[PDB]
A.B. asks: 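Have a look at this one before I ask anything.
Just so it is clear, the values below take in all heavy atoms, side chains as well, and ignore hydrogens, waters and symmetry mates. Remember, it's 1-based here, ligands and their atoms both numbered in the order they're listed. Below, chain A is the first sequence line, B the second, and so on; all start at residue 1.
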Amino acid sequence: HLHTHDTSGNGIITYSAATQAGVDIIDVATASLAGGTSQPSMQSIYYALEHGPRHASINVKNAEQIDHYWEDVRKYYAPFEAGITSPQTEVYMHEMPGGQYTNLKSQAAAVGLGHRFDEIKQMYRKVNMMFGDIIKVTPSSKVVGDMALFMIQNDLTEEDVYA
Amino acid sequence: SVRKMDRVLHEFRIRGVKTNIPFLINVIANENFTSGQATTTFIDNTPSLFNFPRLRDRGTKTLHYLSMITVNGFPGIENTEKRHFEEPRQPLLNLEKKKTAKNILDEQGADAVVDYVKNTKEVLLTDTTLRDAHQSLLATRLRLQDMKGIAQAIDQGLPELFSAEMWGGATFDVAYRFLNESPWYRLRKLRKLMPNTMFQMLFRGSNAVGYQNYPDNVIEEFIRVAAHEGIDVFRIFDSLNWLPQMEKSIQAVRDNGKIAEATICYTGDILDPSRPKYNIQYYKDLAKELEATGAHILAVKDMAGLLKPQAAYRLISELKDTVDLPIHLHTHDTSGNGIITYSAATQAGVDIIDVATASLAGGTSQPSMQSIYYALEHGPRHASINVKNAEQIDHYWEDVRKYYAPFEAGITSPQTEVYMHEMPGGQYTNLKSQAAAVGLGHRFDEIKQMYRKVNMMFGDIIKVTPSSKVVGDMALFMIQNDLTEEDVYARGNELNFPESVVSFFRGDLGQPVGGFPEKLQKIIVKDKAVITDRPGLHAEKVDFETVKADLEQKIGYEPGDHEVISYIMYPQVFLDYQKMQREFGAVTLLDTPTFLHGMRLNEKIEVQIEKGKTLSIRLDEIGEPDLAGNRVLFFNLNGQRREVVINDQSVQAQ
Amino acid sequence: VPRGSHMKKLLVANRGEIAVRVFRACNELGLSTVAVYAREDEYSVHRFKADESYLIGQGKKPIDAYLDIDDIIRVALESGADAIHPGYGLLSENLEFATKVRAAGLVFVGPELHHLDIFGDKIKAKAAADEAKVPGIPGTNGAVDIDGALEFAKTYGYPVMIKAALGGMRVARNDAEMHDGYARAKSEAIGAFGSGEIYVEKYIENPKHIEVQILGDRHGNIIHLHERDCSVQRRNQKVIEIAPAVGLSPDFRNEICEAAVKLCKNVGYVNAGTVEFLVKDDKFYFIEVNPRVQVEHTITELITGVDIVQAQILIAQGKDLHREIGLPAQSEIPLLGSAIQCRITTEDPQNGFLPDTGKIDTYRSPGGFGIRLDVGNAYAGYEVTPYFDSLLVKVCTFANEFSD
Amino acid sequence: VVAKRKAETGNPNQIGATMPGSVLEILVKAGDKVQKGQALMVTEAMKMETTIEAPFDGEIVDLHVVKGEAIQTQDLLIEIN
Ligand SMILES: Nc1ncnc2c1ncn2[C@@H]1O[C@@H]2COP(=O)(O)O[C@H]3[C@@H](O)[C@H](n4cnc5c(N)ncnc54)O[C@@H]3COP(=O)(O)O[C@H]2[C@H]1O
Ligand SMILES: Nc1ncnc2c1ncn2[C@@H]1O[C@H](COP(=O)(O)OP(=O)(O)O)[C@@H](O)[C@H]1O
Ligand SMILES: [Mg+2]
Ligand SMILES: [Mn+2]
């Protein structure tokens, strides 16, 4: 059972590749709550596979109809939208899961470093390597974040930490 | 002594009463005065002393515009209060110097560009961020002021690009009509900031960027001026894939030394044997004809994002075996399948694909530039782009996009129903507005459904601007008046069908594939004139001398060739643009948040109105409206207090 | 005459009253003008008096913005200016600046690099005065260490004046103050002026400060425009200046003027400069050359009829003082009554002359016969900031008789 | 006292009264086409007569005064498009 996020804009193609490799089950979200840092779309992967050797099992017309409800409902949550839903390939560099990204943005705000968030993404990556190259998912991802923020806040390099 | 007087007279700043200073200035300029020989009858006998220039005032038009928007809002969006925005991020680039397609075009010509493309192993990219991406996502509202802040970084940072699509489609009239800025100014400004990037436009074969029926000489002149002003690549299409409407444009682009892409619009589904009208043989036969026109490159325009990946692969592989021209594929990511379709097309040998920067990608835009790079990175064929530079540049666009919140269509996400109704993006949002204005918003799903039925009733047609509007107007009309398809055939003689539908069936958009359904055509057209040849042949003759003199009279100065052609394309819009320039001045120079929202109390802005002239403007007070709606704002403009009266419309319309 | 001396457009690398003074001269000479301004100075009058203006030194402290050599040159090149007038203060005596201006192909309205080098350094300037046979003040051979300084005080005695080469100065009355004085001045030298070299002079008791206005062209003409008495000082800072030196005899004044001319002829001085002397009981001693226009040039203009700033610009254009600029021979240089200049500032005399800040509510300036105003930043509604000097307006009066 | 609509500052489509006085004669009406310099109405200040001329070619939008009406400085007289 494979689970990915569509943060890079490569989620559908990755699921289609996994399908041809014989994956049994994939995690998809309804179109109107899909893409960006969510899962790839359920309805999309149906149609990517439709004319191939292996199909997705879903009533796609019922799913499209259900998606209308979710589209309408999502508008209620405008105040909580992280920002515009679009691909972001820098994830390959920093490797933050979505929540570690928005949280880390809040934390840098509440300590007045919002204006250097790109240095922080960069530090997150350096911290990860400093710690041995680790798996970053909650809460290990927070460990890496707290450290990167701390290091920027107090102006330290990797040399500085060892010294 | 005279020079000092002249200096002092010009230096005086007196406001609130008139003075005799302009008269004094004239007297001391005159040689009777400066020679010392004036007599008591000199002034009384020199009429040239009583001619005074118009005292020029860009400051005052600016305060008028800022007051209008501050108090009354920007037309057609919510009159809200202006957010504080940081400066958009600037990219940190790692520059690599390379020869570009544009350098080859300029040095060696179009056929040498074609050879460069044929010899490239990687898939090449065209960036749509400056045209199609915002046309789809932001109602074509993206402003020059935002484009020019990043243009040079794109030119230097992304020299691998085949071209940037930056003109045509809806940008031409939206610029004039809604942004109060010239599309030609946009082209000149960007052309200078991006000297090594080919500039691509979308060009409708029959009428360039307009929607009337223009004669051939107009289309040829448009191409001449566009090519002279810096358009390198013309993507020529026709809304019904009707080659006679494309032929002359292709030849004129060739004659002007530029690159012509001849376009096929994709519709239907080549992999559906129950829909043979637009099957693979259809596309190969049209491709062969387009190749014979002498077009440099074949474009496949999937305007609705219908192409699924196994169909992309079959389509491209077959076309590459059919013609020798490079193939340039254009899709939309509306279904969420755009990247996988481009990857399929890449494996089939596609030469160039259209991509948008990530922050303006997805949804009804193009697939992401940065994404396709990483999809292909570990494959047999890569994308040619500096991806790290592209990621840095995307920061700027991500910041700039926030300014355009009032124009967002809604949340950017996949929507697969496009396979069913086949509306291109704009046809979808428009058709939603139109149904709103007539109080049918609550039945928009029945309308998507009717759009699909109308398409089949009309014979199964290619739906791109303006044929897509034809299908939309009809579907709306049919829902509004409660008709089924039976009803139209039964009671059509006594119904008045929408304008666009009648024009379609009169042949005013050209001839469609397979002709019209005959009965319905009779029903619809009634006693109007039907043509079956190229509409351009019937166009009112146009004399550029006559038009230029008429226009000069109308605007009060000698119009350049670009203005004359604008006026011909969009006469009333061009004239209305002129009136807005006269009232509000060059609003193009305002930062986007100020352009849309005006100013907050105690805000300071800086407007760069020329090189070496900046207006520092601070809003000190916003007066309450009196009963007639008069409000008085007090600004500080460059150290002076300025009192500005604006009428508060909400009081007027109470 | 340097290549490229023709001018259509001039940029002032300065702010305030002196920038407005240069723009007025430019406009009268048919030149278009360019201003530069720091962000914090965005409401300065000089920004709006120019034909075009540009922000400089983005993100720097305001004084550093006006010392930003490359950004100023950037603007000059971007605006298409021909020439930079450096005004006074700021970069006007700065060799590096003038070098880079001229290296960027622009006319620097001022003297030759060599003159900025020898007159910008007060040790070098004394050496040039000896060489020209102009009496100086007994001082150390060159720059000195604390031991060579103490030596001087043994040779000539106290009190003594400790001065930085780039002033920047302290009086020493004894050994304790010599150790303290040398330290404090070597601080402010590496501090506000960048370098730490130091020399010592005999301190003269109750001198007058007399200075002579010079103009030199590129055709070997040099003239003086008489002298100015700038003795009215507070803590060695000029407060009121008068012209001519009405308390000295004409003969003695002429002698001072001739000595200035002698020095300037010796070094081939070009453009406007001033030679400064201390005067005590009918002797005079060279102290300094300011190789630039001075704040008090105004009163010399009033008593001679000569527009000094227009002259500077015409000189830089390669013109001849006599044939083209139209100045008479030395003995025909007018001497018309007298003139006095005061600088009205926001310095509060009841609060230790700390400059006041805040909004100017009311500003009504007098005029009439015998009054000249050269305004800085003073107009109703202007906010005086703490970032710059405290000048509001320079007032000069002039009349036939000193008492009037 | 209901205030009169004022002409917007810097708006060349709106012609405001330059001095207090009154309206003697109106020569045009809503909808009329008009040319630069054409006389639109006549006003008085201290029984001196001024003729209001059209600043450019255009169509009259509306009048905001009536014959013999009193006016003060800035009052909107006529709007043009
Ligand atoms: N053996 C392998 N090793 C490593 N990676 C592998 C792989 N097989 C597939 N992939 C990855 O999965 C992507 C999707 O392949 P899939 O067969 O699902 O979906 C394909 C399919 O829908 C279509 N496609 C490609 N070749 C095709 C063909 N010959 N006939 C029909 N459709 C084709 O294009 C999609 C994109 O294929 P593309 O090759 O660009 O991108 C491939 C590739 O990146
Ligand atoms: N050797 C000295 N003896 C007495 N007073 C001096 C001496 N040198 C300078 N001063 C005082 O300081 C003032 C400024 O002198 P100057 O050398 O021009 O310094 P600055 O560079 O600040 O103009 C003089 O007018 C004088 O009052
Ligand atoms: Mg001095
Ligand atoms: Mn498109």
Side-chain angles (χ1 to χ4, degrees), chain A residues 10 12-23 45 47-54 56, chain B residues 123 126 128 131-137 165 168-170 202 235 237 263 265-266 271 299-305 307-318 329-334 337-350 354 356 364-367 372 374-383 424-427 464-465 468, chain C residues 88 93 119 122 125 163 167-169 209-211 228 230 233 236-238 241 274-278 286-290 292 294-296:
Chain A
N10 292 134
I12 289 293
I13 191 167
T14 285
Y15 282 169
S16 189
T19 298
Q20 296 334 299
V23 85
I45 188 66
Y47 289 107
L49 294 180
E50 179 184 34
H51 293 281
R54 185 168 181 222
Chain B
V123 68
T126 283
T128 66
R131 201 291 291 195
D132 211 13
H134 70 88
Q135 177 162 332
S136 313
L137 295 179
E165 196 202 52
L202 181 63
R235 177 178 285 161
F237 80 104
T263 306
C265 299
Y266 183 83
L271 296 195
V300 177
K301 176 174 195 42
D302 176 22
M303 56 272 166
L307 206 44
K308 288 159 193 187
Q310 298 83 355
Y313 184 85
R314 182 63 186 282
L315 184 63
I316 300 297
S317 66
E318 288 258 24
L329 177 68
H330 173 105
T331 198
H332 290 255
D333 200 18
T334 310
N337 293 137
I339 286 295
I340 192 171
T341 286
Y342 280 169
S343 187
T346 298
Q347 300 332 303
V350 84
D354 281 357
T364 59
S365 185
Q366 268 67 60
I372 188 67
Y374 290 106
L376 295 179
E377 178 186 34
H378 291 281
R381 186 167 182 226
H382 306 144
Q427 173 56 224
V464 67
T465 182
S468 42
Chain C
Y88 55 74
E93 300 193 22
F119 292 142
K122 289 202 214 188
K163 344 222 307 211
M169 76 171 59
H209 176 115
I210 303 298
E211 68 187 27
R228 294 181 290 260
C230 308
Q233 304 177 5
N236 309 121
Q237 290 180 177
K238 290 171 187 174
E241 305 87 37
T274 294
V275 185
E276 303 199 308
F277 300 93
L278 297 180
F286 168 91
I287 46 164
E288 197 180 25
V289 175
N290 305 112
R292 53 154 175 94
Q294 283 185 311
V295 55
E296 62 271 34

A.B. asks: Nearest heavy atom to atom 22 (O) of ligand 1: which of B/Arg314, B/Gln310, B/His378 does it belong to?
C.D. replies: B/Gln310
A.B. asks: Closest non-hydrogen protein atom to atom 17 (O) of ligand 1, residue and atom name please, with distance?
C.D. replies: A/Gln20 CG, 3.2 Å
A.B. asks: Within 2.8 Å of the Mn ion (ligand 4), is there any N, O or S atom belonging to B/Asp354?
C.D. replies: no
A.B. asks: Give a yes or no on whether C/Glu211 keeps an N, O or S atom under 2.8 Å from the Mg ion (ligand 3).
C.D. replies: no
A.B. asks: For atom 5 (N) of ligand 1, decide whether some protein heavy-atom distance is shorter than 4.0 Å.
C.D. replies: no
A.B. asks: Determine whether A/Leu49 and A/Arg54 make a side-chain contact, defined as any pair of heavy atoms from C-beta on separated by less than 4.5 Å.
C.D. replies: no
A.B. asks: Are any non-hydrogen protein atoms located under 4.0 Å from atom 34 (O) of ligand 1?
C.D. replies: yes
A.B. asks: Are the side chain of C/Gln294 and the backbone N or O of C/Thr274 linked by a donor-acceptor pair below 3.5 Å?
C.D. replies: no
A.B. asks: Give a yes or no on whether the backbone of B/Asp302 and the side-chain of B/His330 come within a donor-acceptor separation of less than 3.5 Å.
C.D. replies: no
A.B. asks: For atom 27 (C) of ligand 1, is the nearest protein heavy atom closer than 4.0 Å?
C.D. replies: yes
A.B. asks: Any protein heavy atom lying closer than 4.0 Å to atom 15 (O) of ligand 1?
C.D. replies: no
A.B. asks: Is atom 40 (O) of ligand 1 touching the protein, meaning some protein heavy atom lies under 4.0 Å away?
C.D. replies: yes
A.B. asks: Tell me whether atom 19 (O) of ligand 1 lies less than 4.0 Å from at least one protein heavy-atom position.
C.D. replies: yes
A.B. asks: Would you give the angle at the Mn ion (ligand 4) between B/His330 atom NE2 and B/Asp132 atom OD2, to the nearest 10°?
C.D. replies: 90°
A.B. asks: What N/O/S atom of C/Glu276 is the closest to the Mg ion (ligand 3)?
C.D. replies: OE1
A.B. asks: Are B/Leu271 and B/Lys308 packed together at the side-chain level, in the sense that at least one heavy-atom pair is separated by less than 4.5 angstrom?
C.D. replies: no
A.B. asks: Restricting to N/O/S, name the atom of C/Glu288 that gets closest to the Mg ion (ligand 3).
C.D. replies: OE1
A.B. asks: Can a salt bridge be assigned to the pair B/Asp354 and B/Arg235 using a cut-off of 4.0 Å between side-chain N and carboxylate O?
C.D. replies: yes
A.B. asks: Is atom 9 (C) of ligand 1 touching the protein, meaning some protein heavy atom lies under 4.0 Å away?
C.D. replies: no
A.B. asks: Decide yes or no for C/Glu288 and C/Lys163: does some side-chain heavy atom of the first lie under 4.5 Å from some side-chain heavy atom of the second?
C.D. replies: no
A.B. asks: Please tell me if the side chains of B/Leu315 and B/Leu329 come closer than 4.5 Å, counting only heavy atoms from C-beta onward.
C.D. replies: no
A.B. asks: Please determine whether a side-chain nitrogen of the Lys or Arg among C/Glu93 and C/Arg292 lies less than 4.0 Å from a carboxylate oxygen of the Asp or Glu.
C.D. replies: yes
A.B. asks: Spell out, as yes or no, whether a donor-acceptor pair under 3.5 Å connects the side chain of A/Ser16 to the backbone of A/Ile12.
C.D. replies: no
A.B. asks: Which residue and atom name correspond to the protein heavy atom nearest atom 12 (O) of ligand 1, and how close is it?
C.D. replies: A/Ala17 CB, 3.1 Å
A.B. asks: Please state which protein non-hydrogen atom is closest to atom 25 (C) of ligand 1 and give its distance, to 0.1 Å?
C.D. replies: B/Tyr313 CD1, 4.1 Å
A.B. asks: Atoms of ligand 1 less than 4.0 Å from A/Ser16 heavy atoms?
C.D. replies: 16 (P), 18 (O), 19 (O)
A.B. asks: Can C/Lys238 and C/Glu276 be counted as an ion pair, charged N to O under 4.0 angstrom?
C.D. replies: yes
A.B. asks: What atoms in ligand 1 come closer than 4.0 Å to a heavy atom of B/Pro309?
C.D. replies: 22 (O)
A.B. asks: I'd like to know if atom 44 (O) of ligand 1 has any protein heavy atom within a distance of less than 4.0 Å.
C.D. replies: no
A.B. asks: Write down the atom of B/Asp333, the atom of B/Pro367, and the distance for their closest heavy-atom approach.
C.D. replies: CB-N, 4.0 Å
A.B. asks: What I'd like to find out is whether the side chain of B/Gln347 reaches to under 4.5 Å of the side chain of B/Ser317, using heavy atoms alone.
C.D. replies: no
A.B. asks: Considering only the protein, which heavy-atom contact is closest to atom 13 (C) of ligand 1, and what is its distance?
C.D. replies: A/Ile13 CG1, 3.9 Å
